[PDB]
There are 2 protein chains.
Amino acid sequence: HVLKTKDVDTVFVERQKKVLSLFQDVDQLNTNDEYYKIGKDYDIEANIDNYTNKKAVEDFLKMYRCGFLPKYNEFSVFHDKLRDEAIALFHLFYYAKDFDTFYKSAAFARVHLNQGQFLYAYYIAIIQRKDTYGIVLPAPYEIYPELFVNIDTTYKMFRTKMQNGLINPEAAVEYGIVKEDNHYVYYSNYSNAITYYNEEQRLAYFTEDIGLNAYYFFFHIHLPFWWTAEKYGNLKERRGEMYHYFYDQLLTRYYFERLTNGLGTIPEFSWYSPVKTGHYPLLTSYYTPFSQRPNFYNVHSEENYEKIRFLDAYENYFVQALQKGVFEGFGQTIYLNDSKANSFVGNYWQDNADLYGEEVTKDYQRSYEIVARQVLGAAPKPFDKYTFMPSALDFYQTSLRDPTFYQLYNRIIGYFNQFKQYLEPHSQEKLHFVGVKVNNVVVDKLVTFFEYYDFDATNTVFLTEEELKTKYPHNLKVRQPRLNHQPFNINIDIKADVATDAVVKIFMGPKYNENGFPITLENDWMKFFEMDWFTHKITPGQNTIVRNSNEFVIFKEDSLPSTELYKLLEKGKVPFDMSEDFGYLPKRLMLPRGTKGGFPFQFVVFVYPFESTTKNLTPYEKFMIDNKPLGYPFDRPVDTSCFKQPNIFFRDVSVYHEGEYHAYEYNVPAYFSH
Amino acid sequence: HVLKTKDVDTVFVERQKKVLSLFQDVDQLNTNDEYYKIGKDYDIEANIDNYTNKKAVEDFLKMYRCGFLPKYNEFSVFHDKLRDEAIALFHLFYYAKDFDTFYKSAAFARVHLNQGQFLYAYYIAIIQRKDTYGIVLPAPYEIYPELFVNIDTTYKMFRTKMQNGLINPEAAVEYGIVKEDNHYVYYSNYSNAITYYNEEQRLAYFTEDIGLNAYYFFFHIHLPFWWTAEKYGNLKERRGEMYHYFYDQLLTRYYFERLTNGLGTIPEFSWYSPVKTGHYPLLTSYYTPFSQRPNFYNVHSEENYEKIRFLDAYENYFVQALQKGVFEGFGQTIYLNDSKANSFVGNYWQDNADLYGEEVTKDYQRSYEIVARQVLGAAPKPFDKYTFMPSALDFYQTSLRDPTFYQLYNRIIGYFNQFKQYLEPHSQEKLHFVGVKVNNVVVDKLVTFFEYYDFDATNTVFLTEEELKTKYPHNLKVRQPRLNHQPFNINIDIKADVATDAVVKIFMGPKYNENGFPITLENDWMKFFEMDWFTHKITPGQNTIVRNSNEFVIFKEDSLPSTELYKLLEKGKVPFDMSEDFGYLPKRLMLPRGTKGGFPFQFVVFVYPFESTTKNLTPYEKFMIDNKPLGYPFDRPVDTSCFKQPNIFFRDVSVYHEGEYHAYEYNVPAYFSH
Ligand SMILES: *[C@@H]1O[C@H](CO)[C@@H](O[C@@H]2O[C@H](CO)[C@@H](O[C@@H]3O[C@H](CO[C@H]4O[C@H](CO[C@H]5O[C@H](CO)[C@@H](O)[C@H](O)[C@@H]5O[C@H]5O[C@H](CO)[C@@H](O)[C@H](O)[C@@H]5O)[C@@H](O)[C@H](O[C@H]5O[C@H](CO)[C@@H](O)[C@H](O)[C@@H]5O[C@H]5O[C@H](CO)[C@@H](O)[C@H](O)[C@@H]5O)[C@@H]4O)[C@@H](O)[C@H](O[C@H]4O[C@H](CO)[C@@H](O)[C@H](O)[C@@H]4O[C@H]4O[C@H](CO)[C@@H](O)[C@H](O)[C@@H]4O[C@H]4O[C@H](CO)[C@@H](O)[C@H](O[C@H]5O[C@H](CO)[C@@H](O)[C@H](O)[C@H]5O)[C@@H]4O)[C@@H]3O)[C@H](O)[C@H]2NC(C)=O)[C@H](O)[C@H]1NC(C)=O
Ligand SMILES: *[C@@H]1O[C@H](CO)[C@@H](O[C@@H]2O[C@H](CO)[C@@H](O[C@@H]3O[C@H](CO[C@H]4O[C@H](CO[C@H]5O[C@H](CO)[C@@H](O)[C@H](O)[C@@H]5O[C@H]5O[C@H](CO)[C@@H](O)[C@H](O)[C@@H]5O)[C@@H](O)[C@H](O[C@H]5O[C@H](CO)[C@@H](O)[C@H](O)[C@@H]5O[C@H]5O[C@H](CO)[C@@H](O)[C@H](O)[C@@H]5O)[C@@H]4O)[C@@H](O)[C@H](O[C@H]4O[C@H](CO)[C@@H](O)[C@H](O)[C@@H]4O[C@H]4O[C@H](CO)[C@@H](O)[C@H](O)[C@@H]4O[C@H]4O[C@H](CO)[C@@H](O)[C@H](O[C@H]5O[C@H](CO)[C@@H](O)[C@H](O)[C@H]5O)[C@@H]4O)[C@@H]3O)[C@H](O)[C@H]2NC(C)=O)[C@H](O)[C@H]1NC(C)=O
Ligand SMILES: *[C@@H]1O[C@H](CO)[C@@H](O[C@@H]2O[C@H](CO)[C@@H](O)[C@H](O)[C@H]2NC(C)=O)[C@H](O)[C@H]1NC(C)=O
């Protein structure tokens, strides 16, 4: 298994090394590094001519002269002041006329501003600026290790750095601390191996997977809710569509993990009753432990009355719009069948900039999601604008760790899916592919297993004045057994009459509902996980297609550590996926953990005529190369019919799991010491 | 300290004497008085030609022939039938062609109608009729002493009257009954000296202050929610602005009293959870005690299910309008920034006539304030249209005695202040006064203390057939120590470039929040109490202004008993404030009770260019002589800026309290007997 690579020129390489020079030892400043001198004395005012937008720069300066979030404090985009500052900073980065002015602005920020705040605006700018297109971003877990690993292993790294090494390596092994080469390796367990407060803990290997969490972070920085989608041209008109697709797909995938663990559907809650599923983040900031929400949390308390009424009102509005058939307000009146209605509900639920026709949201345009994250996070109200007790719900990099995150968005998609039943359902004729028929589909054995995975966590530690004189160590390694599966083929048999360009899609869906009974397309159309999308020229007669799971376009390879990125740069290359598909879900997670006896699911292949791609979303996500609605044909209900189309095939499938069932078993000292 | 007086001609004096002739021994009828014969035989039908609006008079007769509230029963403008009768009566009074016809109509009413009802319509007619403009109104506590004093002292007066004097004066002293001259003086404690059911009771000297309660009553009769603001020209368009101003100032002032008493912010509540703070009115009607709301009252019971859904719906509508950026309904469509928006939210929350574009409100036009006062009052449903158990929330003269009164309006203004954040914030430029700078502000020591205050409470008692044959006694006096403060100067130091006409305002704001930390303008702009407003001619160079607290235009002098009014009329004079500023907050209450060590607050002086006064509200309140929104520049949030404007100055201040801290200490027999 070789990783696909891509060729880059000398300019790109030079810009790549520059951006990476600002992603090192992020919680500390190195006066020996070139960036410190540049950044410390950069005069934004004096170079105001090197920015395409003078107003944005002046607003930044005006804001900056008043002070920004101090260093070391936690930064969260869900807090007004912090967000506005971060956004002003983003504008300073985005409007730099050229890479050089941008780099200097970045260095300025790195030296003067809050590390978290800088990293946030930095990450987004690299994604948004045209001149940095293709630039490979370092893994978020490598940049925010304190957000991707529990305190028990963070504390072990702290103890190692404080002791300046291992004092008794033979004893350290019993605490998962091993030395390999010149690296210190830390075997890190998911939380279900240290605390089991509720049954949802059984899903910890999935909800705490660094790749899954990185995936949500990438989703957000690819296109922040506070920013307009203008830059992406077409996506703007299809933004709400993308919202639905992303969350439906994520919720459905999470649902599958629940199913193979016997946890049933995503729980429903009320803002007027205790929230059943609590959550205890084993994370910490530099000033406080993350807030905890005990099981059966009394959410309807005096501190949340007003917020709950707002959330209620927000839901009420939508439900009433569905009833009367029209969305009023926001400067327009949309009937449910309007051609922009789909984008409206999506933008409405997310309360994004595009809902208002602006480039950035304002503080007074209150958000359902932000307020809901606030009350579900269970944190006491902020001490002040710059100080708050964070919860898993305050970061896109830790959101998926909280069971209520899925419950919140499942509630939202719940309404979105209700809205979809008011639309014209897909007719049997529009779904039919005259001349095309799928005679059979055979799927190879589906097997999951846990496999060790390492990543650089050195950013967890603080370097010595002497250590800063020499090259960075990239000394610490965090090792966790992560979910994965064996590659598998899908053999498709297609009997055709005429020759035509066809599109073939591969989905994965449940076979039974939570109670073990047969699924129903009428109520379960939204439970199909899109796995593949590709064009294929169908020749008259017999057509045999073989798609290997490693080829599914929906997923990407694991990221490589910054150190391997450099070696690859010497060759004038960059990982293909890491550069162009950084937002895709890691392929090692395309399958939910199976069971020893094999858990029931079904694959489905659908092939339809290839045609218009005039309003595709390639500038956003590469695989979106058609005009059909995202998730087609499971994007909305379908005109109930008891006789399936010949161009769609459903194949039963079983997901088995090999090796140790529980991930923590691979971190038992007796085991890894062999 | 001399009280300001105003000269009045003979015509005014005779009308003043005529109006006061109907404010004597109000719960009884005097056949020996001139008004009795006049009112008993007055024929409205026959004199219909003396009313400018015949339809109104016919409606009154049609309604009167069916019967009105009987004598002795409690009257409240919050009960449908009662309000409708009162409004009909008002029209009869208002449409009288000349003073004489008005007086007869009033005499007729005094004789035939419910005393409370008559007094209600009468008070308002005197304020609204043009020919009675300036006519001095007797203090509400003199007219309705049973609404301004607890039953313990009401019963003492009853006992005195029944015994026809004191049987054992030496002994009566131990109960606060003392004879002075020809008066019987009753030392009257606030409820916190007889029952301490919850911590809010420590605010009783304030919430029960007769002046504070009279103030709210004056606010009502000056312009009832059921009547249109048409009479006041410009006010009509700014009605909502005045609504926000009145309640925000009152709520802020209340907040200040909580701060010096360690009671923090105004509590928030939910219609679906027990209301924490109860209230026990130590008041009674002629037929029943006032209803009581115990602590942690179960408000969400079957009797209130439907009313709560209404209240909840009313709030939902506002919250959704804010979210969609437009107010729909009531015959129009108003975007948040529309020029008519501010008045809409005001008229909406109040459910007043101007909301519907009518003269007076109708029964089916359900009111949030009324329904909320109904469920918060905790009284069982009315026996019938004429019989109900009253709560402190059923009267404008007792409302401030109930903690939930503040909680309810704080909830409404919460929404109002939320709406304010959707408006164009005051820009730094517009707040800047070019060439004008406030160099310094010095405030003399702020000191509060309790000082005895007496008022005529003879209306509490019933007179003898013989006593009615001679002049009214004005025999009984209620004595209570009331909050007060020493006069203080505010020295303002201004450095100007050129000469201009400037407006200088003075505010009092908190220094710290309820937790003891620094206030923030972005979140506490609504907590600034306006204290003074005046024009001043600034000359080039150094300017020095000296304003004494006694000169603040926002406050008035205490009311004089009706007996002192007569003596003053004989000199062709009337108190200046009682005549033109009756609705102003008593100046003795401008400062919250301080603490021995001195409680922190801050004074702010802001000076801006004097200009337009085209849409001023002088006809309503004298001090509103500008075009600026009421409360400027703290009427809405301001473009956040850490750099203060040169024409504004903040000065730390400490409010000290001298003498006994608790008011009841002055009502201890050992103390007042010396
Ligand atoms: C415990 O607990 C407690 C309780 O809580 C606490 O306390 C706290 O604390 C805190 C901290 O400390 C604090 O805070 C702070 O404060 C401070 C002070 O303040 C003040 O002052 C200021 C200044 O002033 C000045 O300036 C101005 C301008 O700007 C002007 O105007 C004036 O006049 C003056 O002048 C001057 O200046 C200068 C000096 O400085 C010179 O030039 C000369 O001298 C001149 O003359 C100011 O600004 C302020 O203001 C304020 O206030 C007032 C009143 O008072 C007012 O009026 C105003 O307006 C303002 O206010 C307000 O506003 C609003 C309200 O409405 C809001 O917003 C707020 O409140 C505000 O405030 C005063 O006066 C200060 O300084 C600081 O600052 C800082 O921080 C912040 C945040 O926090 C930011 O924003 C800013 O920016 C800054 O930053 C900085 O720092 C930090 C740390 O801290 C960091 O992180 C950052 O990064 C930065 O850094 C920088 O700086 C530093 C110093 O500063 C240094 O060191 C550094 O360096 C380094 O690094 C670099 C790189 O980067 C390198 O290169 C090198 O090498 C190294 O070295 C840098 O440079 C703050 O703010 C508070 O306050 C307290 N609280 C209380 C209640 O008290 C404690 O802490 C604890 N403790 C423990 C142990 O834990
Ligand atoms: C206990 O508990 C119990 C239970 O709760 C109770 O009971 C109650 O009681 C009550 C009280 O008493 C009652 O009520 C009452 O009643 C009565 C009776 O009724 C009946 O009758 C009437 C009358 O009739 C007549 O008239 C007419 C017209 O108008 C006609 O039509 C007829 O026919 C007749 O005629 C005749 O007679 C006359 C006389 O009157 C002559 O002219 C000749 O003879 C002729 O022929 C009537 O109206 C009524 O009716 C009604 O009802 C029916 C049924 O039955 C019906 O059908 C009808 O429609 C009617 O209505 C109804 O209905 C509706 C609808 O549904 C409703 O709303 C209701 O139901 C109604 O009702 C009958 O029949 C009566 O009378 C009375 O009245 C009164 O009151 C009221 C209120 O309440 C008012 O509004 C009115 O106006 C009146 O008033 C008066 O009185 C009062 C007192 O009470 C007062 O306050 C006032 O102010 C007034 O006064 C006046 O008068 C009097 C007499 O009455 C006198 O006395 C006085 O005198 C004074 O004056 C001056 C001062 O200002 C001086 O100057 C001198 O000097 C002095 O003296 C005055 O004048 C009532 O209503 C009830 O009923 C019961 N309930 C039950 C259930 O039963 C008890 O009470 C208790 N007890 C204890 C002790 O606590
Ligand atoms: C009054 O409201 C309108 C719309 O609600 C505001 O107009 C918007 O202004 C922003 C600029 O910040 C534009 O990006 C939008 O396209 C405008 N939308 C519409 C519908 O006009 C207007 O700014 C508000 N009034 C003021 C003075 O700001």
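Below, read A as the first sequence line, B as the second, and so on, with proteins coming before strands; counting in each chain starts at 1. As a basis for the values below, the full set of heavy atoms in this structure was taken, side chains included, without hydrogen atoms, waters or symmetry mates.
- For NZ of A/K71, the number of neighbouring non-hydrogen atoms (other residues, nucleotides, ligands) closer than 6.0 Å is greater than 12.
- For the residue pair B/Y415 and A/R309, the shortest heavy atom distance occurs at OH-NE, 3.0 Å.
- A distance of 5.0 Å separates OH of A/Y314 from CD of B/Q323, quoted to the nearest 0.5 Å.
- B/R411 CZ to A/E306 CD: the interatomic distance, rounded to the nearest 0.5 Å, is 9.0 Å.
- At a 4.5 Å heavy-atom cutoff, the contact between B/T640 and chain A is made by backbone atoms alone.
- Of the two parts of B/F269, only the backbone, made up of N, CA, C and O, holds a non-hydrogen atom closer than 4.5 Å to a non-hydrogen atom of chain A.
- Below 4.5 Å, heavy atoms of chain B meet heavy atoms from A/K62, A/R65, A/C66, all part of residues 59-68 of chain A.
- From B/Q320, atom CD reaches atom CZ of A/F318 across 13.0 Å, with rounding to the nearest 0.5 Å.
- The minimum heavy-atom distance between B/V319 and A/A313, with the atom names listed, is CG1-CB, 3.6 Å.
- Applying the 6.0 Å contact sphere to NZ of A/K276 captures no more than 12 heavy atoms from other residues, nucleotides or ligands.
- Distance CG/B/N316 to CD/A/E315: 10.5 Å, rounded to 0.5 Å.
- Contacts of A/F327 with chain B are absent, with no heavy-atom separation under 4.5 Å from either backbone or side chain.
- Options B/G325, B/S273, B/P267 differ in how many heavy-atom pairs under 4.5 Å they form with chain A, and the most are formed by B/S273.
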Please determine whether side-chain contact (heavy atoms from CB on, under 4.5 Å) holds for the pair B/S270 and A/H300, giving the CA-CA distance in whole Å, both sets of side-chain angles, and the decisive distance to 0.1 Å. CA-CA 10 Å; B/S270 164; A/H300 186 69; 3.7 Å; yes

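- Scanning residues 335-371 of chain A against chain B with a 4.5 Å non-hydrogen threshold yields A/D351, A/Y356, A/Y364, A/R366, sorted by number.
- Contacts of A/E328 with chain B are made by both backbone and side-chain atoms, with heavy-atom separations under 4.5 Å.
- Aromatic ring centroids of A/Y305 and B/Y272 lie 6.0 Å or more apart.
- Atom NZ of A/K55 is surrounded by 12 or fewer heavy atoms from other residues, nucleotides or ligands within 6.0 Å.
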